[PDB]
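Here the structure is laid out as C-alpha coordinates; the discussion comes afterwards.
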Amino acid sequence: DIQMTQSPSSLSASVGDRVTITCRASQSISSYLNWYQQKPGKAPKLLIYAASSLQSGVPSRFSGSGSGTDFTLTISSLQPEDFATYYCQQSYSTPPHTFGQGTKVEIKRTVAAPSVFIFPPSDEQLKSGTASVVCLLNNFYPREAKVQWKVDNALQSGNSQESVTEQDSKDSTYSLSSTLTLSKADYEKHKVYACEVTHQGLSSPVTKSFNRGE
Amino acid sequence: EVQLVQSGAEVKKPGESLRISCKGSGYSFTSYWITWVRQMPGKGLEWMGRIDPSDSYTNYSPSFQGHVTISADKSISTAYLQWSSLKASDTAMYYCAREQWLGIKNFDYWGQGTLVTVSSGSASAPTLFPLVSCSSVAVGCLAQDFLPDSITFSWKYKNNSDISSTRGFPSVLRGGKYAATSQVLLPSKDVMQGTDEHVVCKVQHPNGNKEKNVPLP
Ligand SMILES: *[C@@H]1O[C@H](CO[C@@H]2O[C@@H](C)[C@@H](O)[C@@H](O)[C@@H]2O)[C@@H](O[C@@H]2O[C@H](CO)[C@@H](O)[C@H](O)[C@H]2NC(C)=O)[C@H](O)[C@H]1NC(C)=O
(Lines give C-alpha, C1' and ligand atoms only; values in the text may rest on other atoms or scores of the structure.)
Protein backbone atom coordinates (compact mmCIF):
# COMPACT_ATOMS: atom_id res chain seq x y z
CA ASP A 1 0.00 0.00 0.00
CA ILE A 2 3.13 2.16 0.26
CA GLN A 3 4.83 2.38 -3.14
CA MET A 4 8.62 2.64 -3.18
CA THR A 5 10.27 4.12 -6.29
CA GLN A 6 13.96 4.00 -7.23
CA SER A 7 16.06 6.04 -9.64
CA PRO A 8 17.97 5.65 -11.91
CA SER A 9 16.94 2.25 -13.31
CA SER A 10 20.46 1.33 -14.44
CA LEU A 11 23.81 3.11 -14.59
CA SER A 12 27.47 2.61 -15.52
CA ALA A 13 30.32 4.39 -13.71
CA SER A 14 34.11 4.20 -13.43
CA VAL A 15 36.23 3.04 -10.50
CA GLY A 16 36.67 5.94 -8.11
CA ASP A 17 33.50 7.72 -9.25
CA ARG A 18 30.58 8.69 -7.05
CA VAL A 19 27.38 6.67 -7.47
CA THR A 20 24.09 8.20 -6.30
CA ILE A 21 20.79 6.30 -6.01
CA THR A 22 17.48 7.81 -4.88
CA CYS A 23 14.52 6.05 -3.24
CA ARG A 24 11.18 7.86 -2.93
CA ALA A 25 8.23 6.93 -0.72
CA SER A 26 4.55 7.49 -1.52
CA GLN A 27 4.02 8.85 2.03
CA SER A 28 6.06 9.71 5.10
CA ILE A 29 7.86 6.67 6.52
CA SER A 30 10.06 8.58 8.98
CA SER A 31 13.43 6.77 9.07
CA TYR A 32 12.04 3.26 8.43
CA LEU A 33 14.19 2.59 5.37
CA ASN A 34 16.84 -0.04 4.62
CA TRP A 35 19.23 -0.63 1.72
CA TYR A 36 20.29 -4.03 0.36
CA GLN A 37 22.85 -5.27 -2.15
CA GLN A 38 22.33 -8.32 -4.36
CA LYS A 39 25.22 -9.49 -6.49
CA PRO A 40 23.91 -11.81 -9.22
CA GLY A 41 23.26 -15.39 -8.17
CA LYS A 42 23.55 -14.68 -4.44
CA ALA A 43 21.28 -13.64 -1.60
CA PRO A 44 20.78 -9.96 -0.70
CA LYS A 45 22.95 -8.26 1.91
CA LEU A 46 22.01 -5.51 4.35
CA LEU A 47 24.03 -2.31 3.87
CA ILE A 48 22.20 0.56 5.62
CA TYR A 49 19.45 0.32 8.23
CA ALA A 50 17.30 2.99 9.87
CA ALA A 51 17.98 5.27 6.87
CA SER A 52 21.63 6.09 7.67
CA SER A 53 23.28 3.41 9.86
CA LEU A 54 26.09 1.31 8.39
CA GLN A 55 25.69 -2.40 9.10
CA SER A 56 28.89 -3.71 10.66
CA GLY A 57 31.14 -5.34 8.09
CA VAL A 58 30.05 -3.05 5.24
CA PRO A 59 32.67 -0.80 3.59
CA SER A 60 32.64 2.77 4.91
CA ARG A 61 32.20 4.13 1.36
CA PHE A 62 28.52 3.17 1.62
CA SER A 63 26.23 5.69 3.30
CA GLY A 64 22.59 6.74 3.38
CA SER A 65 20.54 9.83 4.11
CA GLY A 66 16.99 11.15 4.03
CA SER A 67 13.77 11.03 6.01
CA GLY A 68 10.07 11.17 5.22
CA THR A 69 9.78 10.71 1.46
CA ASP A 70 13.31 11.33 0.09
CA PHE A 71 16.24 8.97 0.68
CA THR A 72 19.62 8.53 -1.00
CA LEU A 73 22.29 5.82 -1.09
CA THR A 74 25.84 6.92 -1.90
CA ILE A 75 29.00 4.99 -2.75
CA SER A 76 31.68 7.64 -2.31
CA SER A 77 34.34 5.86 -4.42
CA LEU A 78 33.08 3.01 -6.60
CA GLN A 79 35.19 -0.15 -6.43
CA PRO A 80 35.43 -3.02 -8.94
CA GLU A 81 33.63 -5.44 -6.59
CA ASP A 82 30.51 -3.26 -6.16
CA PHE A 83 28.72 -4.22 -9.38
CA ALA A 84 25.33 -5.41 -8.14
CA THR A 85 21.61 -4.59 -7.92
CA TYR A 86 20.59 -2.32 -5.05
CA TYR A 87 17.16 -2.30 -3.38
CA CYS A 88 15.44 -0.10 -0.82
CA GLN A 89 12.84 -1.43 1.61
CA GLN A 90 10.23 0.15 3.89
CA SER A 91 9.42 -1.05 7.42
CA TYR A 92 6.74 1.48 8.49
CA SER A 93 3.49 0.38 6.79
CA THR A 94 3.23 -3.13 8.12
CA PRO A 95 1.81 -5.19 6.43
CA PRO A 96 3.05 -5.50 3.71
CA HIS A 97 6.74 -4.55 3.77
CA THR A 98 7.54 -3.20 0.30
CA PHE A 99 10.76 -3.11 -1.71
CA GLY A 100 11.92 -0.79 -4.44
CA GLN A 101 12.27 -2.11 -7.97
CA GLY A 102 16.08 -2.11 -7.94
CA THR A 103 18.95 -0.19 -9.55
CA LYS A 104 21.60 -2.02 -11.58
CA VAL A 105 25.16 -0.69 -11.30
CA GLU A 106 27.91 -1.61 -13.77
CA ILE A 107 31.62 -0.80 -13.68
CA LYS A 108 33.03 1.04 -16.71
CA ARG A 109 36.53 0.21 -17.94
CA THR A 110 38.61 0.41 -21.12
CA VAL A 111 37.91 -1.59 -24.26
CA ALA A 112 39.45 -5.07 -24.25
CA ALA A 113 39.53 -7.59 -27.08
CA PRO A 114 38.62 -11.24 -26.43
CA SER A 115 40.77 -14.33 -26.50
CA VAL A 116 39.06 -17.03 -28.57
CA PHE A 117 39.21 -20.82 -28.31
CA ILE A 118 37.33 -23.58 -30.16
CA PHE A 119 36.78 -27.17 -29.06
CA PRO A 120 35.60 -30.17 -31.14
CA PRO A 121 33.16 -32.80 -29.87
CA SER A 122 34.70 -35.60 -27.85
CA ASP A 123 34.85 -39.06 -29.39
CA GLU A 124 33.02 -40.22 -26.25
CA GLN A 125 30.11 -37.89 -27.02
CA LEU A 126 30.03 -38.94 -30.68
CA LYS A 127 29.44 -42.68 -30.16
CA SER A 128 26.32 -41.65 -28.23
CA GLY A 129 25.04 -39.93 -31.39
CA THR A 130 25.21 -36.13 -30.81
CA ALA A 131 28.00 -33.64 -31.55
CA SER A 132 28.49 -30.38 -29.63
CA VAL A 133 30.99 -27.72 -30.74
CA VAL A 134 32.03 -25.00 -28.29
CA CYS A 135 33.54 -21.53 -28.72
CA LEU A 136 34.89 -19.47 -25.80
CA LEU A 137 35.61 -15.74 -25.49
CA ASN A 138 37.69 -14.61 -22.50
CA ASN A 139 38.10 -11.26 -20.74
CA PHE A 140 36.52 -8.71 -23.06
CA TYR A 141 34.79 -5.36 -22.59
CA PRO A 142 32.21 -4.05 -23.38
CA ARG A 143 29.62 -6.80 -22.98
CA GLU A 144 28.35 -6.55 -26.56
CA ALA A 145 29.84 -9.36 -28.64
CA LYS A 146 28.54 -11.32 -31.63
CA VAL A 147 29.51 -14.96 -32.21
CA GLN A 148 28.89 -16.57 -35.58
CA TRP A 149 29.06 -20.23 -36.60
CA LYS A 150 29.93 -21.48 -40.09
CA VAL A 151 30.01 -25.06 -41.39
CA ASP A 152 31.74 -25.29 -44.78
CA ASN A 153 31.38 -21.49 -44.96
CA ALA A 154 27.58 -21.88 -44.74
CA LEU A 155 26.13 -19.82 -41.90
CA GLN A 156 24.28 -21.60 -39.10
CA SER A 157 21.13 -20.36 -37.40
CA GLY A 158 18.67 -21.55 -34.78
CA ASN A 159 20.97 -24.42 -33.76
CA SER A 160 23.18 -22.72 -31.16
CA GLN A 161 22.92 -21.24 -27.67
CA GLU A 162 25.14 -19.01 -25.55
CA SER A 163 25.57 -17.46 -22.13
CA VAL A 164 27.66 -14.67 -20.61
CA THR A 165 29.40 -14.34 -17.25
CA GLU A 166 29.15 -11.59 -14.67
CA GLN A 167 31.76 -8.84 -14.53
CA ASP A 168 35.04 -10.03 -13.05
CA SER A 169 35.56 -8.58 -9.58
CA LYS A 170 39.14 -7.37 -10.20
CA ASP A 171 39.44 -6.48 -13.92
CA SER A 172 35.76 -5.81 -14.75
CA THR A 173 35.70 -7.95 -17.93
CA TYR A 174 33.23 -10.48 -19.34
CA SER A 175 33.50 -13.97 -20.82
CA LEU A 176 31.15 -15.86 -23.12
CA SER A 177 30.48 -19.51 -24.02
CA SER A 178 28.63 -20.62 -27.18
CA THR A 179 27.61 -24.13 -28.24
CA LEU A 180 26.73 -25.43 -31.71
CA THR A 181 24.78 -28.70 -31.56
CA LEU A 182 24.49 -31.04 -34.55
CA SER A 183 23.45 -34.63 -35.10
CA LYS A 184 26.33 -37.08 -35.45
CA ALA A 185 25.05 -37.54 -39.01
CA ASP A 186 25.32 -33.91 -40.09
CA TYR A 187 28.65 -33.44 -38.30
CA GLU A 188 30.48 -36.01 -40.45
CA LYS A 189 28.88 -34.67 -43.65
CA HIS A 190 30.88 -31.41 -43.45
CA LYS A 191 34.56 -30.84 -42.72
CA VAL A 192 35.54 -27.30 -41.63
CA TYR A 193 33.96 -25.76 -38.52
CA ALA A 194 34.50 -22.19 -37.33
CA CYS A 195 33.22 -19.51 -34.98
CA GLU A 196 33.72 -15.87 -36.02
CA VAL A 197 33.74 -13.18 -33.30
CA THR A 198 32.90 -9.47 -33.63
CA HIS A 199 33.74 -6.93 -30.93
CA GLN A 200 34.73 -3.28 -30.54
CA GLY A 201 38.32 -4.09 -29.57
CA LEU A 202 38.73 -6.07 -32.80
CA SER A 203 39.42 -3.94 -35.87
CA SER A 204 38.58 -7.01 -37.98
CA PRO A 205 36.43 -10.07 -37.19
CA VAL A 206 38.43 -12.88 -35.57
CA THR A 207 37.90 -16.47 -36.73
CA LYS A 208 38.90 -19.75 -35.09
CA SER A 209 38.39 -23.06 -36.86
CA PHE A 210 39.41 -26.70 -37.11
CA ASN A 211 39.05 -29.52 -39.62
CA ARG A 212 37.17 -32.70 -38.78
CA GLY A 213 40.18 -34.95 -39.34
CA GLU A 214 42.94 -33.41 -37.24
CA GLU B 1 28.58 -16.75 13.76
CA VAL B 2 25.03 -16.14 12.58
CA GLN B 3 23.97 -18.55 9.85
CA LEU B 4 20.77 -19.51 8.04
CA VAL B 5 20.86 -22.60 5.80
CA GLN B 6 18.03 -23.69 3.50
CA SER B 7 17.02 -26.94 1.84
CA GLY B 8 18.20 -27.86 -1.66
CA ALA B 9 16.65 -27.39 -5.08
CA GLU B 10 13.40 -29.16 -5.94
CA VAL B 11 11.54 -30.34 -9.03
CA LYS B 12 7.80 -30.87 -8.57
CA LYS B 13 4.88 -31.36 -10.93
CA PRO B 14 1.80 -29.10 -11.09
CA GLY B 15 -0.58 -30.03 -8.27
CA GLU B 16 1.96 -31.56 -5.90
CA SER B 17 2.79 -30.42 -2.37
CA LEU B 18 6.17 -29.23 -1.13
CA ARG B 19 7.80 -28.01 2.07
CA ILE B 20 11.01 -25.98 2.14
CA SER B 21 13.18 -25.58 5.24
CA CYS B 22 15.42 -22.89 6.73
CA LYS B 23 17.54 -23.73 9.79
CA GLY B 24 19.23 -21.15 12.00
CA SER B 25 22.45 -21.38 13.99
CA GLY B 26 24.77 -19.11 15.93
CA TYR B 27 21.98 -17.25 17.74
CA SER B 28 18.89 -17.87 19.85
CA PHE B 29 16.37 -18.90 17.18
CA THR B 30 13.52 -17.70 19.42
CA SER B 31 14.61 -14.04 19.81
CA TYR B 32 14.25 -13.09 16.12
CA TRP B 33 11.51 -13.44 13.55
CA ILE B 34 11.89 -15.35 10.27
CA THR B 35 10.63 -13.79 7.04
CA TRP B 36 10.23 -15.38 3.60
CA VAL B 37 10.97 -13.53 0.35
CA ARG B 38 10.30 -14.59 -3.25
CA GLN B 39 12.24 -13.58 -6.38
CA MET B 40 10.62 -14.59 -9.66
CA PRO B 41 13.09 -15.56 -12.42
CA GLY B 42 14.73 -12.32 -13.53
CA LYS B 43 12.59 -10.04 -11.33
CA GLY B 44 12.82 -8.33 -7.94
CA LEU B 45 12.10 -9.19 -4.31
CA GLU B 46 8.64 -9.79 -2.83
CA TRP B 47 7.86 -10.03 0.89
CA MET B 48 5.77 -13.13 1.67
CA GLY B 49 5.28 -13.50 5.43
CA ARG B 50 6.59 -13.72 8.98
CA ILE B 51 6.61 -16.11 11.89
CA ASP B 52 7.62 -15.45 15.48
CA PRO B 53 9.12 -18.84 16.47
CA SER B 54 8.63 -18.00 20.15
CA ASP B 55 4.81 -18.07 19.90
CA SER B 56 4.38 -19.01 16.20
CA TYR B 57 2.26 -15.93 15.46
CA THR B 58 2.24 -15.52 11.67
CA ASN B 59 1.55 -12.55 9.42
CA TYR B 60 1.11 -13.05 5.67
CA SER B 61 1.01 -10.63 2.77
CA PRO B 62 -2.44 -10.03 1.21
CA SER B 63 -1.00 -11.24 -2.10
CA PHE B 64 0.13 -14.64 -0.78
CA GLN B 65 -2.41 -15.30 2.01
CA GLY B 66 -4.23 -18.57 1.47
CA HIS B 67 -1.93 -20.15 -1.10
CA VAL B 68 1.05 -20.59 1.28
CA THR B 69 1.63 -21.48 4.94
CA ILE B 70 4.46 -20.64 7.36
CA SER B 71 5.43 -22.78 10.37
CA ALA B 72 8.38 -23.40 12.68
CA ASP B 73 9.87 -25.95 15.09
CA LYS B 74 11.94 -24.17 17.73
CA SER B 75 13.14 -27.46 19.23
CA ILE B 76 15.15 -28.04 16.04
CA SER B 77 15.51 -24.27 15.39
CA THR B 78 13.93 -24.48 11.94
CA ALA B 79 11.26 -22.66 9.94
CA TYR B 80 9.31 -23.94 6.94
CA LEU B 81 7.45 -22.75 3.85
CA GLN B 82 4.70 -24.99 2.48
CA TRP B 83 2.43 -25.37 -0.54
CA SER B 84 -0.53 -27.75 -0.88
CA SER B 85 -1.09 -27.64 -4.67
CA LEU B 86 1.88 -26.13 -6.51
CA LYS B 87 1.32 -24.07 -9.66
CA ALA B 88 3.46 -23.02 -12.60
CA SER B 89 3.45 -19.45 -11.29
CA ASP B 90 5.26 -20.68 -8.15
CA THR B 91 8.52 -21.39 -10.04
CA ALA B 92 11.01 -18.96 -8.49
CA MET B 93 13.73 -18.52 -5.87
CA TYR B 94 12.76 -18.41 -2.19
CA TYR B 95 14.85 -16.72 0.50
CA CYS B 96 14.51 -16.83 4.27
CA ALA B 97 15.91 -14.01 6.37
CA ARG B 98 16.24 -13.14 10.04
CA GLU B 99 14.18 -10.10 11.00
CA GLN B 100 14.67 -7.66 13.87
CA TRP B 101 11.62 -6.32 15.71
CA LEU B 102 13.27 -3.93 18.22
CA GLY B 103 12.53 -0.44 16.91
CA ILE B 104 12.98 -0.07 13.16
CA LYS B 105 12.88 -3.54 11.63
CA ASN B 106 15.40 -4.84 9.11
CA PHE B 107 16.43 -8.17 7.55
CA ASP B 108 20.01 -8.51 8.82
CA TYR B 109 20.94 -12.08 7.77
CA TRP B 110 19.79 -14.08 4.74
CA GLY B 111 19.84 -17.70 3.64
CA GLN B 112 21.37 -18.96 0.42
CA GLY B 113 18.05 -19.68 -1.29
CA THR B 114 15.97 -22.63 -2.48
CA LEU B 115 15.19 -22.98 -6.19
CA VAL B 116 11.66 -24.32 -6.76
CA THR B 117 11.04 -25.55 -10.32
CA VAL B 118 7.48 -26.55 -11.25
CA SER B 119 7.25 -28.34 -14.60
CA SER B 120 6.09 -31.55 -16.26
CA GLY B 121 9.71 -32.71 -16.48
CA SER B 122 11.44 -35.23 -14.24
CA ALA B 123 14.70 -34.74 -12.37
CA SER B 124 17.99 -36.03 -13.77
CA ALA B 125 21.69 -35.82 -12.94
CA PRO B 126 24.22 -34.38 -15.41
CA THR B 127 26.38 -36.19 -17.95
CA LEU B 128 29.97 -35.00 -18.39
CA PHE B 129 32.15 -34.75 -21.51
CA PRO B 130 35.69 -33.33 -21.84
CA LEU B 131 36.74 -30.37 -23.98
CA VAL B 132 40.28 -30.47 -25.41
CA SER B 133 41.89 -28.05 -27.85
CA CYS B 134 42.18 -29.87 -31.17
CA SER B 135 51.72 -19.43 -23.72
CA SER B 136 48.87 -20.88 -21.66
CA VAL B 137 46.61 -23.76 -22.69
CA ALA B 138 42.86 -23.96 -22.12
CA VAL B 139 40.90 -27.09 -21.16
CA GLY B 140 37.22 -27.46 -20.33
CA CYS B 141 34.28 -29.59 -19.23
CA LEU B 142 30.71 -29.83 -20.56
CA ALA B 143 27.68 -30.88 -18.48
CA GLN B 144 24.43 -31.98 -20.13
CA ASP B 145 20.95 -33.36 -19.53
CA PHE B 146 20.38 -32.31 -15.91
CA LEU B 147 17.45 -30.81 -14.01
CA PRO B 148 16.94 -28.76 -11.85
CA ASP B 149 19.49 -26.03 -12.72
CA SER B 150 21.52 -26.37 -9.50
CA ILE B 151 25.06 -27.37 -10.47
CA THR B 152 28.58 -26.59 -9.25
CA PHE B 153 32.01 -27.19 -10.81
CA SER B 154 35.43 -27.93 -9.34
CA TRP B 155 38.79 -29.10 -10.69
CA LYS B 156 41.68 -31.15 -9.31
CA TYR B 157 45.18 -32.03 -10.48
CA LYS B 158 46.35 -35.66 -10.65
CA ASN B 159 47.88 -35.13 -7.18
CA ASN B 160 44.40 -34.25 -5.78
CA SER B 161 45.47 -30.63 -5.30
CA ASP B 162 43.06 -27.86 -6.28
CA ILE B 163 43.02 -25.85 -9.53
CA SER B 164 42.06 -22.23 -8.88
CA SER B 165 41.98 -20.94 -12.49
CA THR B 166 38.32 -21.96 -12.90
CA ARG B 167 35.72 -20.17 -15.03
CA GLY B 168 31.94 -20.32 -14.60
CA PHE B 169 29.30 -19.90 -17.35
CA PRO B 170 25.50 -19.76 -16.85
CA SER B 171 23.35 -22.67 -17.98
CA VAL B 172 21.04 -22.82 -21.01
CA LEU B 173 17.71 -24.57 -21.48
CA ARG B 174 17.02 -27.01 -24.32
CA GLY B 175 14.23 -29.59 -24.50
CA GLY B 176 13.48 -29.60 -20.79
CA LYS B 177 17.14 -30.04 -19.79
CA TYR B 178 20.09 -27.80 -18.93
CA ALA B 179 23.70 -27.74 -20.12
CA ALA B 180 26.74 -25.80 -18.92
CA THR B 181 30.48 -25.53 -19.50
CA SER B 182 33.61 -24.73 -17.49
CA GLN B 183 37.21 -23.99 -18.45
CA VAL B 184 40.66 -23.73 -16.88
CA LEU B 185 43.96 -22.19 -18.01
CA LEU B 186 47.26 -23.99 -17.42
CA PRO B 187 50.82 -22.66 -17.86
CA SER B 188 52.29 -23.90 -21.14
CA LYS B 189 55.62 -24.66 -19.42
CA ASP B 190 54.31 -26.66 -16.46
CA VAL B 191 52.50 -29.10 -18.76
CA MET B 192 55.41 -29.97 -21.06
CA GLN B 193 57.74 -30.33 -18.04
CA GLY B 194 55.44 -32.82 -16.39
CA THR B 195 54.36 -36.44 -16.05
CA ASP B 196 50.63 -35.75 -15.66
CA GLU B 197 48.58 -36.39 -18.80
CA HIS B 198 45.11 -35.64 -17.40
CA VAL B 199 43.12 -33.51 -14.95
CA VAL B 200 39.80 -34.15 -13.24
CA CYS B 201 36.50 -32.30 -13.65
CA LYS B 202 33.89 -32.56 -10.90
CA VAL B 203 30.25 -31.46 -10.78
CA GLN B 204 27.86 -31.44 -7.82
CA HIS B 205 24.12 -31.82 -8.35
CA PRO B 206 21.11 -32.71 -6.16
CA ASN B 207 20.37 -35.94 -8.07
CA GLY B 208 24.00 -37.07 -8.40
CA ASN B 209 27.63 -35.96 -8.30
CA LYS B 210 29.92 -37.05 -11.10
CA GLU B 211 33.56 -36.94 -12.19
CA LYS B 212 35.31 -37.04 -15.55
CA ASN B 213 38.95 -37.12 -16.61
CA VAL B 214 40.10 -34.45 -19.07
CA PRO B 215 43.12 -35.08 -21.35
CA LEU B 216 45.96 -32.57 -21.61
CA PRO B 217 47.28 -32.12 -25.17
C1 LIG C 1 50.35 -31.00 -7.89
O2 LIG C 1 50.50 -30.64 -9.28
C3 LIG C 1 50.42 -29.22 -9.48
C4 LIG C 1 50.34 -28.96 -10.96
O5 LIG C 1 51.33 -29.65 -11.70
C6 LIG C 1 50.61 -30.34 -12.75
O7 LIG C 1 51.28 -31.56 -13.09
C8 LIG C 1 52.45 -31.40 -13.87
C9 LIG C 1 53.13 -32.74 -13.97
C10 LIG C 1 52.05 -30.82 -15.21
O11 LIG C 1 50.98 -31.56 -15.76
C12 LIG C 1 51.62 -29.38 -14.95
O13 LIG C 1 51.24 -28.79 -16.18
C14 LIG C 1 50.44 -29.35 -13.98
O15 LIG C 1 50.20 -28.01 -13.57
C16 LIG C 1 51.61 -28.55 -8.80
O17 LIG C 1 51.56 -27.15 -9.01
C18 LIG C 1 52.67 -26.66 -9.80
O19 LIG C 1 53.88 -27.37 -9.52
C20 LIG C 1 55.00 -26.95 -10.31
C21 LIG C 1 56.13 -27.89 -10.00
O22 LIG C 1 57.13 -27.86 -11.01
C23 LIG C 1 55.31 -25.49 -10.02
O24 LIG C 1 56.39 -25.06 -10.83
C25 LIG C 1 54.08 -24.63 -10.28
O26 LIG C 1 54.34 -23.28 -9.90
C27 LIG C 1 52.88 -25.17 -9.50
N28 LIG C 1 51.68 -24.40 -9.82
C29 LIG C 1 50.69 -24.21 -8.94
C30 LIG C 1 49.53 -23.40 -9.43
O31 LIG C 1 50.73 -24.66 -7.80
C32 LIG C 1 51.55 -28.86 -7.31
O33 LIG C 1 52.74 -28.35 -6.70
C34 LIG C 1 51.46 -30.36 -7.05
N35 LIG C 1 51.16 -30.63 -5.66
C36 LIG C 1 51.87 -31.45 -4.88
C37 LIG C 1 51.34 -31.65 -3.50
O38 LIG C 1 52.90 -32.00 -5.27
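For neighbour counting, all protein chains shown are included, and Cβ atoms are generated from backbone atoms with ideal geometry for every residue, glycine included. What is reported rests on the model, the rules as stated and the sources as named; nothing here is a laboratory result.
Tabulated values for the structure
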item: Matching residues, the stretch A:126-149, being touching a helix residue (DSSP H, G or I) at 6+ places or on another chain (Cβ under 9 Å) and not aliphatic (A, V, I, L, M); result: A:127, A:128, A:129, A:130, A:132
item: Residue count, the stretch A:102-115 (criterion: touching a strand residue (DSSP E or B) at 6+ places or on another chain (Cβ under 6 Å) and surrounded by 21 or more Cβ atoms within 10 Å (Cβ to Cβ)); result: 2
item: Matching residues in the stretch B:61-86 - criterion: being closer than 15 Å to residue B:16 by Cα and of a type in the set (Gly, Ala, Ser); result: B:84, B:85
item: Tally of residues being in contact with a strand residue (DSSP E or B) (Cβ under 7 Å, 6 or more places away or on another chain) and within 16 Å of the ligand (Cβ to nearest atom) across the stretch B:177-196; result: 7
item: Qualifying residue in the stretch B:151-158 (condition: surrounded by 13 or more Cβ atoms within 10 Å (Cβ to Cβ), within 16 Å of the ligand (Cβ to nearest atom) and assigned to a loop (DSSP other than H, G, I, E, B)); result: yes
item: Test: residue in the stretch B:66-80 that is within 14 Å of chain A (Cβ to nearest Cβ) and hydroxyl-bearing (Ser, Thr, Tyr); result: no
item: Boolean, residue B:203 is more than 16 Å from the ligand (Cβ to nearest atom), at the interface with chain A (Cβ under 8 Å from one of its Cβ atoms), of a type in the set (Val, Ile, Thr) and closer than 30 Å to residue B:12 by Cα; result: no
item: Residues of the stretch A:68-122 satisfying the condition of being under 22 Å from the mean Cα position of the chain (by Cα), under 30 Å from residue A:193 (Cα atoms), of a type outside the set (A, V, I, L, M, F, W, C) and not in a strand (DSSP E or B); result: A:114
item: Sole exception among (1) away from the ligand (no atom under 16 Å from the Cβ); (2) touching a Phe, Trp or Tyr at 6+ places or on another chain (Cβ under 6 Å) for residue B:169, by number; result: (2)
item: Residue A:146 being touching a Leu at 6+ places or on another chain (Cβ under 7 Å), surrounded by fewer than 17 Cβ atoms within 10 Å (Cβ to Cβ) and under 26 Å from residue A:130 (Cα atoms); result: no
item: Residue list for the stretch A:27-52, restricted to those being surrounded by fewer than 16 Cβ atoms within 10 Å (Cβ to Cβ) and over 28 Å from residue B:93 (Cα atoms); result: A:27, A:28, A:30
item: All positions within the stretch B:103-125 that are surrounded by 15 or more Cβ atoms within 10 Å (Cβ to Cβ) and more than 13 Å from chain A (Cβ to nearest Cβ); result: B:116, B:117, B:118, B:123, B:124, B:125
item: Members of the stretch A:25-55 found to be polar (S, T, N, Q) and either closer than 28 Å to residue B:42 by Cα or at the interface with chain B (Cβ under 10 Å from one of its Cβ atoms) (or both), listed by number; result: A:26, A:30, A:31, A:34, A:37, A:38, A:53, A:55
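Residue by residue, here is whether (1) crowded, with 18+ Cβ neighbours inside 10 Å; (2) outside the structural domain of residue A:135 (by TED's automatic domain parsing); (3) within 24 Å of the chain's Cα centre (by Cα) holds:
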| residue | (1), (2), (3) |
| --- | --- |
| A:161 | no, no, yes |
| A:165 | yes, no, yes |
| A:182 | yes, no, no |
| A:190 | no, no, no |
| A:201 | no, no, yes |
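Here is a yes/no grid of residues against (1) within 13 Å of another protein chain (Cβ to nearest Cβ); (2) assigned to a strand (DSSP E or B); (3) under 22 Å from residue A:33 (Cα atoms):
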residue: B:20; (1), (2), (3): no, yes, no
residue: B:27; (1), (2), (3): no, no, no
residue: B:34; (1), (2), (3): no, yes, yes
residue: B:47; (1), (2), (3): yes, yes, yes
residue: B:55; (1), (2), (3): no, no, no
residue: B:95; (1), (2), (3): yes, yes, yes
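Here is a yes/no grid of residues against (1) closer than 30 Å to residue B:119 by Cα; (2) out of contact with any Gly (no Cβ under 6 Å at 6 or more places or on another chain); (3) in the same structural domain as residue B:135 (by TED's automatic domain parsing); (4) surrounded by fewer than 17 Cβ atoms within 10 Å (Cβ to Cβ):
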{"residue": "B:164", "(1), (2), (3), (4)": "no, yes, yes, yes"}
{"residue": "B:189", "(1), (2), (3), (4)": "no, yes, yes, yes"}
{"residue": "B:192", "(1), (2), (3), (4)": "no, yes, yes, yes"}
{"residue": "B:197", "(1), (2), (3), (4)": "no, yes, yes, yes"}
{"residue": "B:201", "(1), (2), (3), (4)": "yes, yes, yes, no"}
{"residue": "B:205", "(1), (2), (3), (4)": "yes, yes, yes, no"}
{"residue": "B:209", "(1), (2), (3), (4)": "yes, yes, yes, yes"}
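Residue-by-condition table, conditions (1) farther than 23 Å from residue A:182 by Cβ; (2) not basic (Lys, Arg):
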{"position": "A:92", "(1), (2)": "yes, yes"}
{"position": "A:97", "(1), (2)": "yes, yes"}
{"position": "A:135", "(1), (2)": "no, yes"}
{"position": "A:143", "(1), (2)": "yes, no"}
